[PDB]
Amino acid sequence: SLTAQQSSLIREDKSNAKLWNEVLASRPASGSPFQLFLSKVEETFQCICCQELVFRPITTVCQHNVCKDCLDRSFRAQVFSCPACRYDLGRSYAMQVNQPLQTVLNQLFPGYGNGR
């Protein structure tokens, strides 16, 4: 299973608290329990735009996680809606990468963002 330090890192991602709670709600009949956890994280944090694990994720006001580059490309195309639910984020949507999420994902999947 996951470790205390992993739990501490997850607790820091305060803007995905509800989601992480569901992830944590998820013992397997095959392989190891930590593998089940990893499977569930990967599924939960898929970017809808590029179909990869989100990298430099933006956690939108409407509580969806999209890569910054994917959201940036959409805005440059003059599409200011959430790719996941089409809530109107608006022009000049002030974004910051969700660093706590990025830190968790980089710890669980080191190097997944190589060249991203």
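Numbering starts at 1 and follows the sequence shown.
According to the record, 1 to 3 deposited residues between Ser26 and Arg27 are left without atomic coordinates. Higher average CA B factor: 73-81, of the stretches 73-81 and 60-68. Annotation for 100-108 versus 17-25: the higher mean temperature factor (C-alpha) is found in 17-25. Among the modelled residues of the chain, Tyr87 sits in the middle third by CA temperature factor in this PDB entry. Sorting the modelled residues of the chain by their CA temperature factor places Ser30 in the highest third. In the deposited entry, the Cα temperature factor of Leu36 sits in the top third of values across the chain's modelled residues.
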